[PDB]
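Engineer: Sharing a structure with you now.
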Amino acid sequence: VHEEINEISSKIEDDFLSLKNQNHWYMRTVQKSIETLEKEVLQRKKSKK
Amino acid sequence: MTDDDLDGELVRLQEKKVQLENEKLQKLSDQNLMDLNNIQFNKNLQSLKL
């Protein structure tokens, strides 16, 4: 069971070493999409103004 | 940050637009007075005709 726990540590090491930050840039990309959307909203408000 | 100045300008625009209302009232007052004076002049003219 202890060896299985070590194997679990190896699995965790596998999942961790699998990839660096990726989806974080997708979250920042969503924030950028919110920025462009805010640009469209500000442009619309500028149009109405 | 660019939105802020636009907001401020919008507020100043709101005040500037808020002046034209009182201006319009002061204006229209002369129109009403002109109407009343017109009525009085009409009656007076009729009396002169009599």
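Engineer: If I filter region B:28-50 down to residues being part of a helix (DSSP H, G or I) and hydrophobic (A, V, I, L, M, F, W, C), which single residue comes out as surrounded by the fewest Cβ atoms within 10 Å (Cβ to Cβ)?
Structural biologist: The selected residue is B:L48.
Engineer: Name every residue in chain B that is under 30 Å from A:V41 (Cα atoms) and away from every other protein chain (no Cβ under 14 Å), in order of residue number.
Structural biologist: Within chain B, B:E15, B:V18, B:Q19, B:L20, B:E21 qualify.
Engineer: Okay, next question. Can you go through A:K46, A:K11 and tell me which one is under 25 Å from the mean Cα position of the chain (by Cα) and either within 14 Å of another protein chain (Cβ to nearest Cβ) or basic (K, R) (or both)?
Structural biologist: From the options A:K46, A:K11, the qualifying one is A:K11.
Engineer: Tell me, yes or no, whether region A:30-39 has at least one residue that is outside any helix (DSSP H, G or I), within 13 Å of chain B (Cβ to nearest Cβ), surrounded by 10 or more Cβ atoms within 10 Å (Cβ to Cβ) and not aliphatic (A, V, I, L, M).
Structural biologist: No: region A:30-39 contains no residue that is outside any helix (DSSP H, G or I), within 13 Å of chain B (Cβ to nearest Cβ), surrounded by 10 or more Cβ atoms within 10 Å (Cβ to Cβ) and not aliphatic (A, V, I, L, M).
Engineer: Among the residues in region A:29-37, are any in contact with a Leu (Cβ under 9 Å, 6 or more places away or on another chain) and under 22 Å from B:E9 (Cβ atoms)? Spell out how you get there, then give the answer.
Structural biologist: Step one: of region A:29-37, the residues in contact with a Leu (Cβ under 9 Å, 6 or more places away or on another chain) are none.
No.
Every residue, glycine among them, receives a Cβ derived from its backbone with ideal geometry; neighbour counts consider all protein chains shown. The numbers here are math on the coordinates, done by the rules we state, and not lab data.
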